[PDB]
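> One structure, as structure tokens, below. Some questions next.
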Amino acid sequence: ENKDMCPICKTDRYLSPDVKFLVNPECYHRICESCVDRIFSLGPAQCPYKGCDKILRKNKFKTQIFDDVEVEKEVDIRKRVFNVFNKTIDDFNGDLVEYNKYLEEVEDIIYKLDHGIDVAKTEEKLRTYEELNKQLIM
Amino acid sequence: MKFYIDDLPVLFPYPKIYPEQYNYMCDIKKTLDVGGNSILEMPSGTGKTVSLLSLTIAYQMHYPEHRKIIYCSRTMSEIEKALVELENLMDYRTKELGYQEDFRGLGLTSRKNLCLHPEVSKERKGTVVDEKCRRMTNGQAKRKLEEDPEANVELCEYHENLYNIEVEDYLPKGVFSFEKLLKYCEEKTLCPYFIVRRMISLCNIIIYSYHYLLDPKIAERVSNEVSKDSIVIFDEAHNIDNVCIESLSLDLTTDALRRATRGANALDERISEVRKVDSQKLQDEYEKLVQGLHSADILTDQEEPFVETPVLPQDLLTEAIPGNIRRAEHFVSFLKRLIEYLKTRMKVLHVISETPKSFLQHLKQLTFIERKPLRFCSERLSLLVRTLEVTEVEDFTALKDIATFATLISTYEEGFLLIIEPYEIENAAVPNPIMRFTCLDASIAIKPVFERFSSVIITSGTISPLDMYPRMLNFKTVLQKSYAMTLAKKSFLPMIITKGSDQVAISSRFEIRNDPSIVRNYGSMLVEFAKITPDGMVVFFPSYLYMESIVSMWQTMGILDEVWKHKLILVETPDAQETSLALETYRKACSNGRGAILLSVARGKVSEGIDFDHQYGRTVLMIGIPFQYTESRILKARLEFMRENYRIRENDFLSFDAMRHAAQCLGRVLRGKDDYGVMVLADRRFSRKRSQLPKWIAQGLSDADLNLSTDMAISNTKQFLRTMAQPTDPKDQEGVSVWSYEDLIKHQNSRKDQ
Ligand code: SF4
Ligand SMILES: [Zn+2]
């Protein structure tokens, strides 16, 4: 933000923040167009975000600008939960309490995924999402 | 005096009376007979409080039904004025009759001025002083004190000696004025805060600021025992419609959004750290959420409540489980999802007034969070925080506003408005967006108080016309009548200086800036008063920024030394502490031989609560028309709402509202009929609004006083002062306007029974 925006244009809050300081879905850090365009043009290269080593992938990025990437990732985890539970049976019978209980489980899957303090259900949530995907695919 | 209104003794504390008072007395009992609203205009020059209290106090002591009486004033400063006035009348009522009171009547200002603990009293911020004693004397802190012997938790000990002696009875028999209360409570090392807190169900009359009636976050402890069958009294309530909308107003700043993230992230740490230690209670509280809203201990809280009820007092409340939000980690997650969405909605490049629905739906489109559970933020936060038993609030101060806001907007729609400025125009071209939000109809909060009671009293010396407010607050009164000042002498010269010495139509509407053609004319116009006027002279700018604008160049002008060469000059200061010191010294200088001259803003706080007697109020100045559209169309937004909701346009309301605020200041020049003072005004448009004035003020305004020049006006006021300075004591025609002691009111009014 104020001083964490780019390995090149770090103080980009007042440096005409017009270039997309986008976030690679597998890097989770602010990378300016001066930096990211140097990277994905040749392919999956890592960026020097204060000496970072996470790979900036190919032309598959997403828009995250100024939306609290960490919370946005938690929102994305919630969105991933929202995507995993896009076709989840919550009100298939109309029961609100069951939907209320079902909503808690999906949020817990996001909560397990988006927390990372002692994330072990997070891997299970992916398996549960895979189980949900197994339910979704079948 | 002791006369009758055909039904009740009237133990009037003063030997003298006034013709308005009996007419005032005639209607109050008549209204008291038929519990209604009965908006009435009583001139501020007369002390309506005496006519107010005397008939009401007798009414409770004569009619044995209305054992509880409620008066809501604008300021606690008025309360102490009422507190002593009742005390004097209560002494007089005993004085005329002996001892027939057995009465309980006290004021209500705040914990800040009633927390008698010196350390908590030493703290400056009202939030902290409330929070500190709340924490210092807390339902859980005392457990940390009593259950675990430790110095970690201290106590006010005023709340303790409250529980020792005070929570068995009341203060012995006094109708304690704030000075008398504080003097008594300190000697008893008692807490007048917790005293009135428990004395809610005990005071036979209660006096407090409108907010304790209006502000639901403090109008929540309402006990129907003292409320239902009671009477509500209002004076100078004209400048309260704004307060009502202000009470539902809410300004936001992205710094506070970061402060919200500061608190909200700290919540994640707070919930996690206790979760490792004791999440079983949190799990238990989840069951406490599973059974319902946990009203068992979210309301039954002696000193526990962290988040109050910012929304109207629990009227629009659901109590079921919040679905998935039951989990605190989930609860914060949507909140964290929200604040950034709020930030994403705060970062708007321009000003947007977003509808409560479309914005909510837009949120749903962005973050699929439901409206009904969103109201639960206030209850959940108050519930969760105490379970977290947090030791601080400053990081969480931003959060309760969200718990306020998120509940509010989720509860409110099509009567409120969310508007997101990208900056402030006064400091534009810089990023400071505000997600401003407020209500639109003041009667929305007035409707429950409309609903709860029938006997309600509203009065003002300023209200004009008495018909906008029934239109504004959408209600029916009984008597819509204005009282005129029965004065056989002028005692005030209303002067409309449309034309200056230059005979220039002079105005404040032209700009919020300076033009010496108008300004230096004003400066030249002003100085001549300083020489002729005695100690006591105030100005009222339309805007504080406008106030400062004219100050510096007049300081640059040579106009400044001469008034100092004539009298003393005291300024309006952003901190009331220096302003108060100025005010008392100004009055001290007004009391002193060296003359004192003041300068304020028509919208300033001095016009809200501070009255000035003959010496203290001598020459009031209205610096142009007090106008408010220096600010944005948020005025227009509500006005456009007003225009569509009510068939009242801007200027008609503006002239009504501006002259209301104009007359709001002017009521402070007078103390009694002995008081006097010329009322000068300087604006071109002032001539047009002769109709908008209150009756007695309009009656006191002759048509020859319109668009006058200052020079001719100087001659006009010149003779006025000497005549008023002359001891005009006919002692025979006074009784016409005095209705001589206990006789003419008895004689004349009984003669006038036809
Ligand atoms: S215990 Fe009483 S005196 Fe002490 S801080 Fe609380 S309200 Fe104030
Ligand atoms: Zn860069």
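We name chains A, B, ... following the order of the structure tokens; residues begin at 1 in each chain, and ligands are numbered from 1 as shown.
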Considering only C-alpha atoms, return as a PyMOL selection string whatever protein or nucleic-acid residues lie within 12 Å of range 49-58 of chain A, sequence-local ones (same chain, fewer than 5 positions apart) excluded.

chain A and resi 3-10+22-32+35-44

> Emit the selected residues as a short mmCIF file (atom, residue, chain, number, x, y, z; two decimals), in the first residue's frame, including N, CA, C and O atoms.


```cif
data_model
loop_
_atom_site.label_atom_id
_atom_site.label_comp_id
_atom_site.auth_asym_id
_atom_site.auth_seq_id
_atom_site.Cartn_x
_atom_site.Cartn_y
_atom_site.Cartn_z
N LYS A 3 3.95 1.66 1.15
CA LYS A 3 5.32 1.38 0.73
C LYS A 3 5.52 -0.07 0.30
O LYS A 3 6.65 -0.46 -0.01
N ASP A 4 4.46 -0.88 0.26
CA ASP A 4 4.54 -2.28 -0.16
C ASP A 4 3.64 -2.45 -1.38
O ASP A 4 2.47 -2.83 -1.25
N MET A 5 4.19 -2.18 -2.56
CA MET A 5 3.40 -2.29 -3.78
C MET A 5 4.14 -3.05 -4.88
O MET A 5 3.50 -3.65 -5.75
N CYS A 6 5.47 -3.05 -4.84
CA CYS A 6 6.25 -3.63 -5.93
C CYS A 6 7.72 -3.74 -5.56
O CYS A 6 8.24 -2.91 -4.80
N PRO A 7 8.43 -4.76 -6.06
CA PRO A 7 9.90 -4.74 -5.94
C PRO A 7 10.53 -3.56 -6.65
O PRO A 7 11.61 -3.12 -6.26
N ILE A 8 9.88 -3.04 -7.70
CA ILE A 8 10.41 -1.91 -8.45
C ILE A 8 9.82 -0.61 -7.91
O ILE A 8 10.55 0.25 -7.40
N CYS A 9 8.50 -0.46 -8.02
CA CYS A 9 7.81 0.73 -7.54
C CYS A 9 7.19 0.40 -6.18
O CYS A 9 5.98 0.17 -6.05
N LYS A 10 8.04 0.39 -5.16
CA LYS A 10 7.58 0.02 -3.82
C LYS A 10 6.69 1.10 -3.21
O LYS A 10 5.62 0.79 -2.67
N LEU A 22 -1.25 -6.17 -9.84
CA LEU A 22 -2.05 -7.37 -9.71
C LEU A 22 -1.33 -8.43 -8.87
O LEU A 22 -0.14 -8.32 -8.55
N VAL A 23 -2.08 -9.46 -8.51
CA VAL A 23 -1.60 -10.54 -7.66
C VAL A 23 -1.76 -11.85 -8.40
O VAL A 23 -2.87 -12.19 -8.83
N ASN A 24 -0.67 -12.58 -8.56
CA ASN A 24 -0.74 -13.91 -9.13
C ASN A 24 -1.50 -14.82 -8.18
O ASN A 24 -1.25 -14.79 -6.97
N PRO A 25 -2.44 -15.64 -8.67
CA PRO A 25 -3.19 -16.53 -7.77
C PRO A 25 -2.33 -17.52 -7.00
O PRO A 25 -2.84 -18.19 -6.10
N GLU A 26 -1.04 -17.63 -7.32
CA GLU A 26 -0.12 -18.51 -6.60
C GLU A 26 1.05 -17.76 -6.00
O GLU A 26 2.06 -18.38 -5.64
N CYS A 27 0.96 -16.44 -5.87
CA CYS A 27 2.04 -15.63 -5.32
C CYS A 27 1.61 -14.75 -4.16
O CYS A 27 2.38 -14.58 -3.21
N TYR A 28 0.40 -14.19 -4.21
CA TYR A 28 -0.20 -13.48 -3.07
C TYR A 28 0.63 -12.28 -2.63
O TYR A 28 0.80 -12.03 -1.43
N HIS A 29 1.15 -11.51 -3.59
CA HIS A 29 1.85 -10.28 -3.26
C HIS A 29 1.68 -9.27 -4.38
O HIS A 29 1.42 -9.62 -5.54
N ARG A 30 1.82 -8.00 -4.01
CA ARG A 30 1.65 -6.90 -4.96
C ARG A 30 2.81 -6.87 -5.95
O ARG A 30 3.96 -6.68 -5.55
N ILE A 31 2.51 -7.06 -7.23
CA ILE A 31 3.50 -7.04 -8.29
C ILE A 31 3.05 -6.04 -9.35
O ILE A 31 1.98 -6.21 -9.95
N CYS A 32 3.86 -5.01 -9.57
CA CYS A 32 3.53 -3.95 -10.51
C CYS A 32 3.70 -4.43 -11.95
O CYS A 32 4.40 -5.40 -12.24
N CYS A 35 6.94 -5.01 -13.16
CA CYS A 35 7.53 -6.28 -12.76
C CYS A 35 6.79 -7.48 -13.35
O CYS A 35 7.42 -8.38 -13.92
N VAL A 36 5.46 -7.52 -13.23
CA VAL A 36 4.71 -8.71 -13.63
C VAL A 36 4.82 -8.93 -15.14
O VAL A 36 4.97 -10.07 -15.60
N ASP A 37 4.76 -7.86 -15.93
CA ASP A 37 4.83 -8.00 -17.38
C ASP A 37 6.18 -8.54 -17.82
O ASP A 37 6.27 -9.25 -18.83
N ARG A 38 7.24 -8.21 -17.08
CA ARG A 38 8.54 -8.82 -17.34
C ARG A 38 8.51 -10.32 -17.12
O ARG A 38 9.33 -11.05 -17.69
N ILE A 39 7.57 -10.81 -16.32
CA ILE A 39 7.60 -12.19 -15.84
C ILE A 39 6.74 -13.11 -16.68
O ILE A 39 7.24 -14.07 -17.28
N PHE A 40 5.43 -12.85 -16.74
CA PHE A 40 4.54 -13.80 -17.41
C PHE A 40 4.74 -13.83 -18.92
O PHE A 40 4.29 -14.77 -19.57
N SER A 41 5.40 -12.82 -19.49
CA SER A 41 5.67 -12.83 -20.92
C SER A 41 6.53 -14.03 -21.29
O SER A 41 6.27 -14.70 -22.31
N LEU A 42 7.54 -14.34 -20.49
CA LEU A 42 8.38 -15.51 -20.72
C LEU A 42 7.82 -16.77 -20.07
O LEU A 42 8.21 -17.88 -20.47
N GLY A 43 6.92 -16.64 -19.10
CA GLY A 43 6.28 -17.79 -18.50
C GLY A 43 6.25 -17.74 -16.99
O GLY A 43 6.16 -16.67 -16.38
N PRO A 44 6.33 -18.91 -16.35
CA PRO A 44 6.24 -18.97 -14.89
C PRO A 44 7.55 -18.65 -14.18
O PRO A 44 8.31 -19.56 -13.83
#
```

> Compute the chain A side of the contact with chain B at 9 Å, counting only C-alpha atoms, and hand it back as a list in words.

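My answer is residues 66, 67, 68, 71, 72, 74, 75, 78, 79, 96, 97, 99, 100, 101, 102, 103, 104, 105, 106, 107, 108, 110 and 111 of chain A.
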
> Suppose you want the space between CA of residue 15 in chain B and CA of residue 1 in chain B; what is it in Å?

5.6 Å

> Which residues in range 493-678 of chain B does DSSP call strand (DSSP E or B)? List them as a PyMOL selection string.

chain B and resi 494-496+499+505+537-541+568-570+596-598+600-601+619-623+678

> At most 12 Å is the cut-off: for each residue in chain B with any atom that close to an atom of ligand 1, write down the nearest atom pair and the distance in Å rounded to one decimal, counting only C-alpha atoms and all ligand atoms, chain first then increasing number, as a tab-separated table.


```
residue	atom	partner	partner_atom_place_in_ligand_line	distance
B:110	CA	ligand 1	7 (S)	9.5
B:111	CA	ligand 1	7 (S)	5.9
B:112	CA	ligand 1	8 (Fe)	7.4
B:113	CA	ligand 1	8 (Fe)	8.4
B:114	CA	ligand 1	8 (Fe)	6.3
B:115	CA	ligand 1	8 (Fe)	2.6
B:116	CA	ligand 1	3 (S)	3.5
B:117	CA	ligand 1	3 (S)	3.6
B:118	CA	ligand 1	3 (S)	7.3
B:119	CA	ligand 1	5 (S)	7.7
B:120	CA	ligand 1	5 (S)	5.2
B:121	CA	ligand 1	8 (Fe)	6.9
B:122	CA	ligand 1	5 (S)	10.1
B:123	CA	ligand 1	5 (S)	10.3
B:126	CA	ligand 1	8 (Fe)	11.8
B:128	CA	ligand 1	5 (S)	10.3
B:129	CA	ligand 1	5 (S)	7.2
B:130	CA	ligand 1	5 (S)	7.6
B:131	CA	ligand 1	5 (S)	8.9
B:132	CA	ligand 1	5 (S)	6.7
B:133	CA	ligand 1	5 (S)	3.8
B:134	CA	ligand 1	6 (Fe)	6.5
B:135	CA	ligand 1	6 (Fe)	8.5
B:136	CA	ligand 1	5 (S)	6.5
B:137	CA	ligand 1	1 (S)	5.6
B:138	CA	ligand 1	6 (Fe)	8.8
B:139	CA	ligand 1	1 (S)	11.9
B:142	CA	ligand 1	1 (S)	11.4
B:154	CA	ligand 1	4 (Fe)	9.7
B:155	CA	ligand 1	1 (S)	6.2
B:156	CA	ligand 1	4 (Fe)	3.0
B:157	CA	ligand 1	1 (S)	5.3
B:158	CA	ligand 1	2 (Fe)	4.3
B:159	CA	ligand 1	1 (S)	4.1
B:160	CA	ligand 1	1 (S)	6.9
B:161	CA	ligand 1	1 (S)	8.8
B:162	CA	ligand 1	2 (Fe)	8.2
B:163	CA	ligand 1	1 (S)	10.3
B:166	CA	ligand 1	2 (Fe)	11.9
B:182	CA	ligand 1	3 (S)	10.7
B:185	CA	ligand 1	3 (S)	9.4
B:186	CA	ligand 1	3 (S)	9.0
B:188	CA	ligand 1	3 (S)	11.1
B:189	CA	ligand 1	3 (S)	7.9
B:190	CA	ligand 1	2 (Fe)	6.7
B:191	CA	ligand 1	2 (Fe)	4.0
B:192	CA	ligand 1	7 (S)	7.1
B:193	CA	ligand 1	7 (S)	5.1
B:194	CA	ligand 1	7 (S)	5.8
B:195	CA	ligand 1	2 (Fe)	8.6
B:196	CA	ligand 1	7 (S)	10.3
B:197	CA	ligand 1	7 (S)	9.6
B:198	CA	ligand 1	7 (S)	11.8
B:303	CA	ligand 1	6 (Fe)	10.0
```

> Could you go through range 288-504 of chain B and tell me which residues DSSP, when run on the backbone, assigns to alpha helix (DSSP H), listing them as number ranges by chain?

B: 288-291, 295-298, 328-346, 356-366, 371-374, 376-388, 394-411, 443-452, 468-473

> Can you pull out the residues contacting range 207-219 of chain B? Cut-off 7 Å, using only C-alpha atoms, and skip same-chain residues under 4 positions away; I want them as a ChimeraX atom specification.

/B:70-76,79,106-109,244,247,308-313

> Considering only C-alpha atoms, return as a PyMOL selection string whatever protein or nucleic-acid residues lie within 8 Å of range 83-100 of chain B, sequence-local ones (same chain, fewer than 5 positions apart) excluded.

chain B and resi 11-13+49-50+53-54+106-107+175-178+207

> Take the residues from that selection and write them out as a compact mmCIF listing (two decimals), in the first residue's frame, keeping N, CA, C and O atoms.


```txt
# COMPACT_ATOMS: atom_id res chain seq x y z
N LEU B 11 -49.09 27.46 43.51
CA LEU B 11 -48.13 28.03 44.45
C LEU B 11 -47.00 28.68 43.66
O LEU B 11 -45.90 28.14 43.51
N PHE B 12 -47.28 29.87 43.14
CA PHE B 12 -46.32 30.55 42.27
C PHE B 12 -45.19 31.15 43.09
O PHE B 12 -45.45 32.00 43.95
N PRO B 13 -43.93 30.76 42.84
CA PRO B 13 -42.84 31.19 43.73
C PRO B 13 -42.62 32.68 43.79
O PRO B 13 -42.17 33.18 44.83
N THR B 49 -40.10 28.61 32.40
CA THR B 49 -39.81 27.54 33.36
C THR B 49 -40.68 27.68 34.60
O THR B 49 -41.20 26.68 35.11
N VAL B 50 -40.83 28.90 35.10
CA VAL B 50 -41.69 29.13 36.26
C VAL B 50 -43.12 28.74 35.94
O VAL B 50 -43.77 28.00 36.68
N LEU B 53 -43.00 24.74 35.51
CA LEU B 53 -42.89 23.86 36.67
C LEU B 53 -44.08 23.99 37.60
O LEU B 53 -44.63 22.99 38.07
N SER B 54 -44.51 25.23 37.88
CA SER B 54 -45.48 25.46 38.95
C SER B 54 -46.78 24.71 38.71
O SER B 54 -47.27 24.00 39.60
N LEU B 106 -34.68 14.68 40.07
CA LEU B 106 -33.25 14.83 39.82
C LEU B 106 -33.01 15.01 38.33
O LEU B 106 -33.85 14.65 37.50
N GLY B 107 -31.85 15.56 38.01
CA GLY B 107 -31.44 15.71 36.63
C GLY B 107 -30.75 14.47 36.10
O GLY B 107 -30.64 13.44 36.76
N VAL B 175 -34.54 17.48 46.12
CA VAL B 175 -34.62 17.60 44.66
C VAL B 175 -33.28 18.18 44.23
O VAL B 175 -33.11 19.38 44.03
N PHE B 176 -32.30 17.29 44.09
CA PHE B 176 -30.90 17.70 44.04
C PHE B 176 -30.59 18.35 42.70
O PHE B 176 -30.63 17.70 41.65
N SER B 177 -30.27 19.64 42.74
CA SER B 177 -29.63 20.27 41.60
C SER B 177 -28.21 19.73 41.46
O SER B 177 -27.64 19.18 42.40
N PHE B 178 -27.64 19.91 40.26
CA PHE B 178 -26.34 19.33 39.96
C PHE B 178 -25.28 19.75 40.97
O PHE B 178 -24.49 18.92 41.43
N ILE B 207 -35.23 14.99 34.62
CA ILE B 207 -34.86 16.04 33.68
C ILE B 207 -33.55 15.62 33.03
O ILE B 207 -32.60 15.23 33.72
```
